[PDB]
Amino acid sequence: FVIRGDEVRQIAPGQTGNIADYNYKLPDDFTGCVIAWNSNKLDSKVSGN
Amino acid sequence: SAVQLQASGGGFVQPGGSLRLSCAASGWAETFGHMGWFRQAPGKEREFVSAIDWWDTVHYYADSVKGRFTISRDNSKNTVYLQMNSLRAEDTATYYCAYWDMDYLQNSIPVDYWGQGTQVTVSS
Amino acid sequence: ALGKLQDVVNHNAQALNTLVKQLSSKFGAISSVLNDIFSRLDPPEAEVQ
């Protein structure tokens, strides 16, 4: 999924916030991995996305 | 984690002037943490100068360089920049950009990685 | 004259008392009670405490 820079800090067990309450919630016993990378070149345009 | 820091800038300057330093980071780390600069005077100990969060929200500066040094971040190059002025003789030293890999900064004692020394010299 | 019997009670209750008292020991943690150690701190590193 695409997210607003700062938000990345929410995608983690026990975190709160809009994304971590109404959009995507992680269980406290989660195991796995998370990859996150900026995509200002593609997902953002000066013409408005 | 595997993070490489590339430093750029430094040279010989006149007192009270301005110069150019910038540090870029590459690789992959645990999280988006803080980034700062460390000063080493010849014959002295290595002390921190400042520390900026990744998202440019909160800034931390040393009491000895407050109001004289500032640090900002790029918007399309992922390279931290810093500006300075009114340089004095004590500023002749070796500077290193360092990456702190935690979300919230508490103190400057634990340092993760270090960059190549950039020697800056000021005199008449 | 009746020391020995008087001892066996005195030996017992006192020991019991000590066991109760050490329920209040911190044991190197930061909060003896459980709601401080659970609500105020994230569970992943509260489990160690």
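Its PDB record attributes the structure to cryo-EM, giving the resolution as 3.66 Å.

A.B. asks: How would you summarise the pattern of salt bridges if you had to cite specific residues and measurements?
C.D. replies: All names here are of chain B. Evaluation of the coordinates by the stated rule reveals four salt bridges over all chains. Across the pair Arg39 and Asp91 runs a salt bridge whose closest N-O atoms are separated by 3.7 Å. With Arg39 in strand β4 (residues 34-40) and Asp91 in the loop between β8 (79-84) and β9 (93-100), this pair connects stretches of sequence that are 52 residues apart. Of the charged contacts, one joins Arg68 and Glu90 as a salt bridge, the two residues approaching to 3.8 Å between their closest N and O atoms. Note that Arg68 is positioned in the loop between β6 (59-61) and β7 (69-73) and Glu90 in the loop between β8 and β9, a separation of 22 residues in sequence. Among the charged side chains, a salt-bridge network with shared partners connects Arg39, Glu47 and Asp91.

A.B. asks: Outline the sheet that holds β8 of chain B, listing residues and values.
C.D. replies: Residues and elements named next belong to chain B. One open sheet accounts for four strands, arranged β1-β3-β8-β7; its pairing is antiparallel. Only two strands of the sheet have a single neighbouring strand rather than two, namely β1 (2-9) and β7. Each strand axis lies, on average, 20° off the axis of its neighbour in the sheet, ignoring direction. In terms of strand pairing, β7 meets β8 through five bridges, oriented antiparallel. Across the sheet, residue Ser72 finds its bridge partner in β8, namely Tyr81.

A.B. asks: Run through helix α1 (residues 3-21) of chain C, naming residues and quoting values.
C.D. replies: Its 19 residues place the ends of α1 of chain C 26 Å apart at the C-alpha level, agreeing with the 27 Å of an ideal helix rising 1.5 Å per residue. Across the 19 residues of α1 of chain C, zero count as buried, placing the element largely on the outside.

Rules of the game
The scheme used for residues numbers each chain from 1 in its written sequence order. That scheme is not guaranteed to match the entry numbering, and residues without coordinates are omitted from view. Just so you know, chain letters begin at A and ligand numbers begin at 1, following the order they were written in. Part of a larger assembly is shown; the reported values describe that part exclusively. The side-chain values count all of the structure's non-hydrogen atoms but skip hydrogen atoms and water molecules. Residues with missing side-chain atoms are left out of burial classes, side-chain pairs and their counts. A pairing counts as a salt bridge when a side-chain nitrogen of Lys or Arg comes within 4 Å of a carboxyl oxygen of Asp or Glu. Counting from the N terminus, the helices are the DSSP runs of H or I reaching at least four residues and the strands are the DSSP runs of E reaching at least two. Here, strands pair whenever DSSP counts at least two bridges between them. All axes here are fitted lines through C-alpha atoms, helices being fitted over the stretch that makes contact, and every angle between N-to-C directions spans 0 to 180 degrees. How far a helix is expected to stretch is found by multiplying one less than its residue total by 1.5 Å. Whether a residue is buried, partly exposed or exposed follows from its accessible area with a 1.4 Å probe, protein chains only, as a fraction of its type maximum: under 20%, in between, or over 50%, in that order.

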